[PDB]
Amino acid sequence: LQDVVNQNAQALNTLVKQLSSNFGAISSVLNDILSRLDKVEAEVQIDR
Amino acid sequence: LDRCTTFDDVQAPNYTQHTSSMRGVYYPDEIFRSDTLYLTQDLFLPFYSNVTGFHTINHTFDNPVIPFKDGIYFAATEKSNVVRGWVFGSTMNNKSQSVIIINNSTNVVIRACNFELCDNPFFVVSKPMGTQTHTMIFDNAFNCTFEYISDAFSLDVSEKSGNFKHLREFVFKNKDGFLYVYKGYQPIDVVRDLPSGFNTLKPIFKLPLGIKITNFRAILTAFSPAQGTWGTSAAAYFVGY
Amino acid sequence: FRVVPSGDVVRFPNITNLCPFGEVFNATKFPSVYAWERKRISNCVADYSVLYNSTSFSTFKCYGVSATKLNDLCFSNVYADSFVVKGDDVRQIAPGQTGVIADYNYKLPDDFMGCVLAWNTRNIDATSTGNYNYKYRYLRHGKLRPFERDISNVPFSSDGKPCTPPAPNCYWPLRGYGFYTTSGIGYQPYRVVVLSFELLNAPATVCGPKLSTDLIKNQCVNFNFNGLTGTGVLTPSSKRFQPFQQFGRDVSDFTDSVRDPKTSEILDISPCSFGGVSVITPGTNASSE
Amino acid sequence: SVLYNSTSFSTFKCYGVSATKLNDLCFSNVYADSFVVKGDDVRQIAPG
Ligand SMILES: *[C@@H]1O[C@H](CO)[C@@H](O[C@@H]2O[C@H](CO)[C@@H](O[C@@H]3O[C@H](CO)[C@@H](O)[C@H](O)[C@@H]3O)[C@H](O)[C@H]2NC(C)=O)[C@H](O)[C@H]1NC(C)=O
Ligand SMILES: *[C@@H]1O[C@H](CO)[C@@H](O[C@@H]2O[C@H](CO)[C@@H](O[C@@H]3O[C@H](CO)[C@@H](O)[C@H](O)[C@@H]3O)[C@H](O)[C@H]2NC(C)=O)[C@H](O)[C@H]1NC(C)=O
Ligand SMILES: *[C@@H]1O[C@H](CO)[C@@H](O[C@@H]2O[C@H](CO)[C@@H](O[C@@H]3O[C@H](CO)[C@@H](O)[C@H](O)[C@@H]3O)[C@H](O)[C@H]2NC(C)=O)[C@H](O)[C@H]1NC(C)=O
Ligand SMILES: *[C@@H]1O[C@H](CO)[C@@H](O[C@@H]2O[C@H](CO)[C@@H](O)[C@H](O)[C@H]2NC(C)=O)[C@H](O)[C@H]1NC(C)=O
Ligand SMILES: *[C@@H]1O[C@H](CO)[C@@H](O[C@@H]2O[C@H](CO)[C@@H](O)[C@H](O)[C@H]2NC(C)=O)[C@H](O)[C@H]1NC(C)=O
Ligand SMILES: *[C@@H]1O[C@H](CO)[C@@H](O[C@@H]2O[C@H](CO)[C@@H](O)[C@H](O)[C@H]2NC(C)=O)[C@H](O)[C@H]1NC(C)=O
Ligand SMILES: *[C@@H]1O[C@H](CO)[C@@H](O[C@@H]2O[C@H](CO)[C@@H](O)[C@H](O)[C@H]2NC(C)=O)[C@H](O)[C@H]1NC(C)=O
Ligand SMILES: CCCCC/C=C\C/C=C/CCCCCCCC(=O)O
Ligand SMILES: *[C@@H]1O[C@H](CO)[C@@H](O)[C@H](O)[C@H]1NC(C)=O
Ligand SMILES: *[C@@H]1O[C@H](CO)[C@@H](O)[C@H](O)[C@H]1NC(C)=O
Ligand SMILES: *[C@@H]1O[C@H](CO)[C@@H](O)[C@H](O)[C@H]1NC(C)=O
Ligand SMILES: *[C@@H]1O[C@H](CO)[C@@H](O)[C@H](O)[C@H]1NC(C)=O
Ligand SMILES: *[C@@H]1O[C@H](CO)[C@@H](O)[C@H](O)[C@H]1NC(C)=O
């Protein structure tokens, strides 16, 4: 039972942590992308 | 002493060997983080690396030209402010640009020029009076491209006795024309060695010099018992890559 | 549960002086490329529209930022580099180029961030008899690293050993441009300025022309701190930044705290939407309640 | 590099390789095509 609980918690926390990956974009921060780039290139980065 | 002199009857250096101990970590960027673990890849000093020690005592006055390679960790153990700064360059003469970073008695001075560097650069302090008398780092300078002078202060230049009290640590890097400088400080009470421990360094300077750096030499202080005669006081500094 | 902003906050640092456009772009003298010069820029407003009435640029290209966003940002660690090159050599001032200039005189880094500007100066820097005061290096052992300069004048030999100028296989490494009034466009002088900076990661003191507002707290608002724009709720924070830190980030790399550029107070930033919502229906066939 | 002292090129563009890698490579089946055009027509010498 303890490891059932632990597995659920770990899955959710990993999901939260995985937001820091770039996935090939210039940054992983939407605010940074939209503050630096105009719509055309911002669209490419946001699509990635 | 108007020109720069060469000490007579000086013993050759003994490149004593020591180990780093989880020393040399610095802040990788300018972002605030807390309560977390952060994996990063950069130029760091590996734990328990071999470091070389240099000493000033009696007749040993160690100030050779040292290779720079990919960056340096430089830690000084002292009690009377003997180590005053560095000269970084490639040929270490007036055929190329060099940068001097020194703490004279009242200011921190940084200058990049074509220096007619002297093979034995030092400061002179009088033991009976405890006052700085001469500075003999270079003979000539021209084609200067960068200069920085800090706010005035006052330093205790007089000689002291006992155990080493201050450990001052620096990290130097060279990248894209910038010389990164990181600094840290610790109080200590030891006799001979480099203390073991952990201490994070903080960024201080990012100097836009745009020069090739392959060699560096340390600037030391010579304590003269009387005019003309040259003496030394105990101090040590250690280098790692 | 969704919440929409009901306010607007803009916080820039206290700046009064206009940036030294006159000093940089209207200087009487410019240096040789092999001895390009660098100047720091700080504590000024970058209102470049003032140039529209006095300058015309043949080349203007920016890297790492869109030209239409420049008016809305603040820039950190700003330098300007100046020098003079030939018309055909301007193309070499760009990341990842080769040629004599890019190899031995001035090179940009691969991850360059900044802008490059260049304009024709035949009337100023060319004479009927030919001006040879501008020089460049055309012989060297190895290539320069980014933002490196070499101002030595040692005589050059391919063998690599010292030589005396009056001898075979020994040359002076610096050569002089020949700028004539009657030259073709490819052989006419151009003045070049390269601006470098960093964005949205550290303290800044150069900013575009914008009006700051008051600070609204405990309310979902649009915010703009030193160019970083977003939406959220601002509260007082117990975190203690060091002087060299401007932004804080959490494990998701979301910007969760910032130092106000006017009062130096640390503020926490929180999202507006939060909470779970469920809908209970007896079936649309039976009712719409 | 021998060209540096004798020639100046208004146009130099490379496809399929980075200009900074040219000194580190060997090239197979090398051909050179030569001709003359007008200034406005140079832009037409490019794919597509
Ligand atoms: C820690 O120990 C390492 C070796 O385990 C030291 O690095 C060694 O440093 C010497 C002195 O510079 C290098 O020798 C020189 O290398 C090249 C190639 O020959 C050249 O400059 C000279 O001819 C000379 O041989 C040596 O290669 C290098 N070893 C390695 C494996 O990189 C290091 O200095 C020690 N740390 C210190 C002393 O602080
Ligand atoms: C440590 O180095 C600093 C920096 O060089 C020294 O301060 C500088 O001292 C020079 C003279 O050696 C001063 O030059 C002269 O100063 C006044 C300015 O009103 C005047 O006599 C001349 O016009 C000339 O400029 C220089 O101003 C001064 N710099 C600063 C920033 O104060 C300092 O003396 C050195 N300390 C020791 C103990 O050697
Ligand atoms: C680095 O320093 C060297 C050595 O001082 C500088 O070279 C010297 O530069 C001057 C100024 O341009 C040259 O001008 C000479 O002056 C008089 C006439 O004004 C006369 O001797 C010559 O006809 C000539 O014009 C001088 O020849 C030259 N000296 C030497 C020995 O090379 C050099 O300019 C400096 N470099 C930088 C990038 O600042
Ligand atoms: C650069 O340093 C060298 C080496 O110190 C200097 O060479 C001196 O040149 C003068 C003038 O010709 C001679 O009188 C000296 O004998 C040379 N050697 C020394 C040790 O003084 C040289 O002058 C310096 N500066 C320049 C511009 O070359
Ligand atoms: C922009 O530049 C123009 C051209 O120099 C300026 O208009 C000139 O102003 C001077 C000084 O009053 C007059 O002598 C000229 O006749 C004007 N030229 C015209 C009207 O074509 C203009 O003032 C400048 N604008 C700003 C906002 O500085
Ligand atoms: C930027 O200027 C503002 C406006 O003057 C300063 O904010 C005021 O500072 C004074 C002096 O400490 C306080 O009494 C006021 O309460 C502050 N707020 C206002 C609205 O006047 C601010 O200190 C300046 N910032 C910096 C970094 O110099
Ligand atoms: C590069 O070209 C220059 C210019 O033609 C050469 O320098 C010239 O050499 C001739 C022959 O000795 C002299 O008559 C000229 O006065 C020189 N021009 C100068 C010094 O401006 C130079 O030798 C060439 N370099 C190489 C490596 O071939
Ligand atoms: C004088 C130093 C200015 C420092 C620049 C300041 C901030 C960072 C960059 C700003 C962009 C300025 C370039 C203006 C180009 C005008 C374009 C045109 O007219 O076609
Ligand atoms: C230096 O090392 C040698 C052995 O290489 C030793 O005999 C000598 O005493 C040492 N000298 C000093 C001053 O440490
Ligand atoms: C330095 O000199 C003192 C006094 O003579 C002596 O006791 C000491 O051993 C010397 N130290 C070294 C390292 O030679
Ligand atoms: C630039 O400098 C010239 C020469 O001194 C001067 O006449 C002019 O007013 C200055 N400003 C501009 C915008 O050209
Ligand atoms: C669908 O419609 C009627 C009229 O609203 C509703 O009352 C009824 O339950 C539904 N018919 C079914 C469930 O067969
Ligand atoms: C090119 O040909 C011309 C004409 O014969 C000749 O003078 C010159 O030396 C040759 N070489 C170069 C590099 O121009």
Side-chain angles (χ1 to χ4, degrees), chain A residues 35-36 38, chain B residues 10 12-18 52-64 191-193 208 232 234-238, chain C residues 12-13 15 17-27 30 37-83 93 112-120 190-210 226-227 281-288:
Chain A
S35 302
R36 283 161 60 192
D38 70 345
Chain B
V10 53
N14 265 52
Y15 302 98
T16 58
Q17 301 297 301
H18 319 257
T52 305
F54 308 73
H55 317 268
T56 54
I57 182 63
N58 288 343
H59 278 273
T60 56
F61 202 69
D62 285 355
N63 59 358
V191 175
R192 36 165 297 271
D193 205 11
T232 84
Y237 68 87
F238 308 78
Chain C
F12 278 21
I15 305 154
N17 291 332
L18 179 91
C19 292
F21 289 109
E23 280 170 26
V24 171
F25 291 98
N26 203 34
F30 258 50
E37 287 181 9
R38 186 176 215 92
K39 174 177 170 104
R40 169 114 192 164
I41 310 294
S42 68
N43 287 278
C44 64
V45 183
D47 178 26
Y48 61 83
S49 78
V50 301
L51 294 166
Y52 287 172
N53 209 19
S54 53
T55 75
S56 176
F57 294 119
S58 307
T59 293
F60 175 48
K61 187 159 199 292
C62 289
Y63 304 75
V65 56
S66 286
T68 54
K69 309 307 298 296
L70 293 168
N71 279 322
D72 305 316
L73 287 159
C74 290
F75 315 87
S76 307
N77 210 30
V78 187
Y79 297 100
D81 307 313
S82 67
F83 55 88
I93 294 100
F112 175 63
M113 190 193 259
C115 300
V116 175
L117 294 126
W119 69 103
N120 187 277
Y190 280 65
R191 276 186 192 191
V192 181
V193 173
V194 182
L195 311 166
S196 41
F197 47 69
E198 320 167 13
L199 283 178
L200 311 172
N201 262 59
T205 65
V206 182
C207 295
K210 212 170 196 74
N226 275 2
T281 321
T284 50
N285 170 88
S287 201
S288 46

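Remember, it's 1-based here, ligands and their atoms both numbered in the order they're listed. Chain letters run A, B, ... following the sequence lines, proteins first and then strands; every chain starts at 1. Note that these values count all heavy atoms, side chains included, but never hydrogens, waters or copies made by symmetry.
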Requested in this report: Could you pull out the closest heavy-atom pair between C/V45 and C/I15, with the gap in Å?
Outcome: CG2-CG2, 3.4 Å
Requested in this report: Look at atom 10 (C) of ligand 8 and say which protein heavy atom is nearest, naming residue and atom and giving the distance to 0.1 Å.
Outcome: C/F75 CZ, 4.5 Å
Report task. State the atoms of ligand 8, each with its element, that fall below the 4.0 Å cut-off from a heavy-atom position in C/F21. Result -> 1 (C), 3 (C)
Query raised in the report: Name the one of C/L70, C/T205, C/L195 that satisfies side chain to side chain contact (heavy atoms under 4.5 Å, CB included) with C/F75?
Result: C/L70
**Report entry** Distance flag, aromatic centroids of C/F25 and C/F57, threshold under 6.0 Å
**Finding:** yes
Query raised in the report: Among protein heavy atoms, which lies nearest atom 6 (C) of ligand 8, and at what distance?
Result: C/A46 CB, 3.6 Å
Query - Heavy-atom pair of closest approach, residues C/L73 and A/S35 - result: CD2-O, 3.7 Å
Query raised in the report: Does B/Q17 use its side chain to pair, donor to acceptor, with the backbone of B/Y15 at less than 3.5 Å?
Result: yes
Requested in this report: Identify the protein heavy atom lying closest to atom 18 (C) of ligand 8, giving its residue, its atom name and the separation to 0.1 Å.
Outcome: C/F57 CD1, 3.9 Å
Query raised in the report: What residue and heavy atom of the protein are closest to atom 1 (C) of ligand 12, and at what distance?
Result: C/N285 ND2, 1.4 Å
Report task. State whether the shortest distance between N or O atoms of B/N14 and N or O atoms of ligand 9 falls below 3.5 angstrom. Result -> yes
Report task. Verify whether one side chain among C/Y79 and C/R40 offers a donor that lies under 3.5 Å from an acceptor in the other. Result -> yes
Report task. Just need the protein heavy atom nearest to atom 16 (C) of ligand 8, so name the residue and atom and give the distance. Result -> C/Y48 CD1, 4.0 Å
Report summary line: Under 4.0 Å from one or more heavy atoms of C/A286, ligand 12 contributes atoms 5 (O)
Report task. Using only heavy-atom distances, determine whether the side chains of B/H55 and B/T16 contain a donor-acceptor pair under 3.5 Å. Result -> yes
Query raised in the report: atom 11 (C) of ligand 8: which protein heavy atom is closest, and how many Å away?
Result: C/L70 CD1, 4.0 Å
Report task. State the atoms of ligand 8, each with its element, that fall below the 4.0 Å cut-off from a heavy-atom position in C/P20. Result -> 1 (C)
Report summary line: Under 4.0 Å from one or more heavy atoms of C/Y52, ligand 8 contributes atoms 19 (O)
Query raised in the report: Just one of C/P203, C/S76, C/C74 clears the side chain to side chain contact (heavy atoms under 4.5 Å, CB included) bar with C/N226, so which one?
Result: C/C74
Report summary line: Per-atom filter on ligand 8: closer than 4.0 angstrom to a heavy atom of C/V24 are 1 (C)
**Report entry** Flag, side chain of C/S196 to backbone of C/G114, donor-acceptor distance under 3.5 Å
**Finding:** no
Query - Carboxylate-amine/guanidinium proximity below 4.0 Å for A/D38 and C/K69 - result: no
**Report entry** Protein heavy-atom partner closest to atom 9 (C) of ligand 8 - residue, atom, separation in Å
**Finding:** C/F197 CE2, 3.8 Å
Requested in this report: Provide, to 0.1 Å, the distance between atom 5 (C) of ligand 8 and the closest protein heavy atom, together with that atom's residue and name.
Outcome: C/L195 CD1, 4.0 Å
**Report entry** Any protein heavy atom nearer than 4.0 Å to atom 5 (O) of ligand 12
**Finding:** yes
